[PDB]
Amino acid sequence: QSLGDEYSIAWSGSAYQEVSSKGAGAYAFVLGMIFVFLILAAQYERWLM
Amino acid sequence: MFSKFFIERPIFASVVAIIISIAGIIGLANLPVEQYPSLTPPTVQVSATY
């Protein structure tokens with residue numbers, strides 16, 4: 001809003017990475033939990049345990 | 001004996017096949033999608049202007 005249409009905005013360093021983030025960590029964490037769930041399910045032979 | 005270990009343990013066998021399939025979906029998303037696994041000769045192009 002303040003700058004003109006002629007201006008444009010780009011990012012560097014930490015900001016760049018945050019703007020260009022694939023949400024990769026989030027997917028990985030969900031998968032890790034699901035893996036932990038299943039690997040203890042195998043140990044106890046019970047889905048609930 | 002090997003296949004009976006799984007027959008006696010129903011959740012173990014299914015746990016394993018869920019892992020195999022989860023790994024599968026992680027895999028397909030990561031895998032490159034192309035028409036042919038053909039290798040085109042790699043080329044470098046040099047251009048000049050006079």
# chains A, B, ... in the order shown; residues from 1 in each chain; ligands from 1

call {"tool": "interface_residues", "arguments": {"of": "chain B", "to": "chain A", "cutoff": "8 Å", "atoms": "only C-alpha atoms", "output": "list in words"}}
result
residues 9, 10, 11, 12, 15 and 19 of chain B

call {"tool": "write_last_selection", "arguments": {"atoms": "C-alpha atoms", "output": "mmCIF file, in the first residue's frame"}}
result
data_model
loop_
_atom_site.group_PDB
_atom_site.id
_atom_site.type_symbol
_atom_site.label_atom_id
_atom_site.label_comp_id
_atom_site.auth_asym_id
_atom_site.auth_seq_id
_atom_site.Cartn_x
_atom_site.Cartn_y
_atom_site.Cartn_z
ATOM 1 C CA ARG B 9 0.349 -61.896 14.583
ATOM 2 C CA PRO B 10 -2.363 -60.117 12.587
ATOM 3 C CA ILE B 11 -1.460 -56.556 13.585
ATOM 4 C CA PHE B 12 2.216 -57.076 12.808
ATOM 5 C CA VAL B 15 1.519 -52.726 10.343
ATOM 6 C CA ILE B 19 4.470 -48.922 6.253
#

call {"tool": "atom_distance", "arguments": {"atom1": "atom CA of residue B:18", "atom2": "atom CA of residue B:4"}}
result
19.2 Å

call {"tool": "select_by_dssp", "arguments": {"residues": "chain A", "states": "helix (DSSP H, G or I)", "output": "MDAnalysis selection string"}}
result
chainID A and resid 14:19 24:44

call {"tool": "write_last_selection", "arguments": {"atoms": "C-alpha atoms", "output": "short mmCIF file (atom, residue, chain, number, x, y, z; two decimals), in the first residue's frame"}}
result
data_model
loop_
_atom_site.label_atom_id
_atom_site.label_comp_id
_atom_site.auth_asym_id
_atom_site.auth_seq_id
_atom_site.Cartn_x
_atom_site.Cartn_y
_atom_site.Cartn_z
CA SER A 14 15.52 -15.99 6.95
CA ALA A 15 12.61 -14.15 5.42
CA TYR A 16 13.21 -15.70 2.02
CA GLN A 17 13.13 -19.20 3.41
CA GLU A 18 9.93 -18.58 5.34
CA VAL A 19 8.19 -17.20 2.27
CA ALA A 24 8.07 -29.99 4.71
CA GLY A 25 8.72 -30.23 8.42
CA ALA A 26 5.02 -30.51 9.16
CA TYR A 27 4.50 -33.43 6.81
CA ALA A 28 7.55 -35.16 8.19
CA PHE A 29 6.43 -34.82 11.78
CA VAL A 30 3.01 -36.27 11.03
CA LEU A 31 4.64 -39.20 9.25
CA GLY A 32 7.03 -39.75 12.12
CA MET A 33 4.20 -39.96 14.61
CA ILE A 34 2.23 -42.32 12.41
CA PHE A 35 5.36 -44.47 12.10
CA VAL A 36 5.85 -44.47 15.89
CA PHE A 37 2.19 -45.41 16.34
CA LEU A 38 2.51 -48.38 14.03
CA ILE A 39 5.85 -49.61 15.32
CA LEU A 40 4.56 -49.78 18.87
CA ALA A 41 1.33 -51.31 17.62
CA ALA A 42 3.44 -54.14 16.25
CA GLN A 43 5.27 -54.55 19.55
CA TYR A 44 2.13 -54.75 21.64
#

call {"tool": "decode", "arguments": {"residues": "chain A", "atoms": "C-alpha atoms", "output": "PDB file, in the first residue's frame"}}
result
ATOM      1  CA  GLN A   1       0.000   0.000   0.000  1.00  0.00           C
ATOM      2  CA  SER A   2       2.522   2.676   0.996  1.00  0.00           C
ATOM      3  CA  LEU A   3       5.026   2.080  -1.772  1.00  0.00           C
ATOM      4  CA  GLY A   4       3.837   2.543  -5.322  1.00  0.00           C
ATOM      5  CA  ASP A   5       2.733  -0.136  -7.764  1.00  0.00           C
ATOM      6  CA  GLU A   6       6.063   0.553  -9.433  1.00  0.00           C
ATOM      7  CA  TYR A   7       7.815  -0.877  -6.386  1.00  0.00           C
ATOM      8  CA  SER A   8       8.091  -4.608  -5.701  1.00  0.00           C
ATOM      9  CA  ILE A   9       9.031  -6.697  -2.700  1.00  0.00           C
ATOM     10  CA  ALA A  10      11.614  -9.430  -2.402  1.00  0.00           C
ATOM     11  CA  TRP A  11      13.105 -11.261   0.536  1.00  0.00           C
ATOM     12  CA  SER A  12      16.528 -12.263   1.778  1.00  0.00           C
ATOM     13  CA  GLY A  13      17.948 -14.598   4.397  1.00  0.00           C
ATOM     14  CA  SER A  14      15.521 -15.985   6.945  1.00  0.00           C
ATOM     15  CA  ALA A  15      12.610 -14.154   5.423  1.00  0.00           C
ATOM     16  CA  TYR A  16      13.212 -15.697   2.015  1.00  0.00           C
ATOM     17  CA  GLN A  17      13.128 -19.196   3.409  1.00  0.00           C
ATOM     18  CA  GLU A  18       9.931 -18.579   5.337  1.00  0.00           C
ATOM     19  CA  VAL A  19       8.186 -17.204   2.269  1.00  0.00           C
ATOM     20  CA  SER A  20       9.523 -20.095   0.190  1.00  0.00           C
ATOM     21  CA  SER A  21       8.611 -22.892   2.597  1.00  0.00           C
ATOM     22  CA  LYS A  22       7.117 -26.189   1.456  1.00  0.00           C
ATOM     23  CA  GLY A  23       5.679 -27.020   4.858  1.00  0.00           C
ATOM     24  CA  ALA A  24       8.068 -29.991   4.711  1.00  0.00           C
ATOM     25  CA  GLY A  25       8.715 -30.234   8.418  1.00  0.00           C
ATOM     26  CA  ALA A  26       5.024 -30.505   9.161  1.00  0.00           C
ATOM     27  CA  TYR A  27       4.497 -33.427   6.812  1.00  0.00           C
ATOM     28  CA  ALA A  28       7.547 -35.164   8.190  1.00  0.00           C
ATOM     29  CA  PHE A  29       6.427 -34.819  11.783  1.00  0.00           C
ATOM     30  CA  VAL A  30       3.014 -36.269  11.032  1.00  0.00           C
ATOM     31  CA  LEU A  31       4.637 -39.203   9.248  1.00  0.00           C
ATOM     32  CA  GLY A  32       7.032 -39.752  12.118  1.00  0.00           C
ATOM     33  CA  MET A  33       4.199 -39.958  14.610  1.00  0.00           C
ATOM     34  CA  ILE A  34       2.233 -42.323  12.406  1.00  0.00           C
ATOM     35  CA  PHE A  35       5.359 -44.470  12.103  1.00  0.00           C
ATOM     36  CA  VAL A  36       5.849 -44.472  15.889  1.00  0.00           C
ATOM     37  CA  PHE A  37       2.191 -45.413  16.342  1.00  0.00           C
ATOM     38  CA  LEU A  38       2.509 -48.384  14.034  1.00  0.00           C
ATOM     39  CA  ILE A  39       5.853 -49.613  15.322  1.00  0.00           C
ATOM     40  CA  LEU A  40       4.559 -49.783  18.868  1.00  0.00           C
ATOM     41  CA  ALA A  41       1.332 -51.310  17.623  1.00  0.00           C
ATOM     42  CA  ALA A  42       3.437 -54.140  16.249  1.00  0.00           C
ATOM     43  CA  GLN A  43       5.269 -54.551  19.546  1.00  0.00           C
ATOM     44  CA  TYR A  44       2.129 -54.746  21.638  1.00  0.00           C
ATOM     45  CA  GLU A  45       0.019 -56.452  18.961  1.00  0.00           C
ATOM     46  CA  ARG A  46      -2.683 -54.004  19.931  1.00  0.00           C
ATOM     47  CA  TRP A  47      -3.846 -50.932  18.050  1.00  0.00           C
ATOM     48  CA  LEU A  48      -4.911 -49.180  21.241  1.00  0.00           C
ATOM     49  CA  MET A  49      -1.876 -49.846  23.445  1.00  0.00           C
TER      50      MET A  49
END
